[PDB]
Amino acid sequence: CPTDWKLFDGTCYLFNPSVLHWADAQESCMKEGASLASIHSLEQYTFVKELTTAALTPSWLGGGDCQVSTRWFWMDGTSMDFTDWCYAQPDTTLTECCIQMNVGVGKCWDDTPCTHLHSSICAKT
């Protein structure tokens, strides 16, 4: 993996602390040959959480249900097979359709307006 990137089971991950809307965050990962990350297991989730500072900063992931409500997709060609919704999630209204992790005291996932500004996780093989 490149400098600042961290390796787990064959994928390289980077925390981007700069707050960006989801599209700016995706484009920033793409400039580094990456995508906003997907998550497929509790251990992948734990590894990614460990990159988000001691504060476990709220961060964009590369998922959403922005095309058809209740149909979630990742940007990396993987399927939505693991979720960690917070209590009272997911909101399926299209107005909040992007996946944000590290939300609240329980550090879990929300569907959030994509135009909100957050840090983000990039991943590339």
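Note that residue numbering follows the sequence shown and begins at 1.
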Original post:
Which of the two stretches, 90-98 or 68-76, shows the higher mean Cα temperature factor in the record?
Top reply: 90-98
**OP:** Quick one: say whether 80-88 or 57-65 has the higher mean Cα B-factor in the deposited entry.
**Re:** 80-88
Original post:
Ranked by Cα temperature factor within the chain, is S35 in the lowest third, the middle third or the highest third?
Top reply: lowest
Original post:
Where does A25 sit by CA temperature factor within its chain: lowest, middle or highest third?
Top reply: lowest
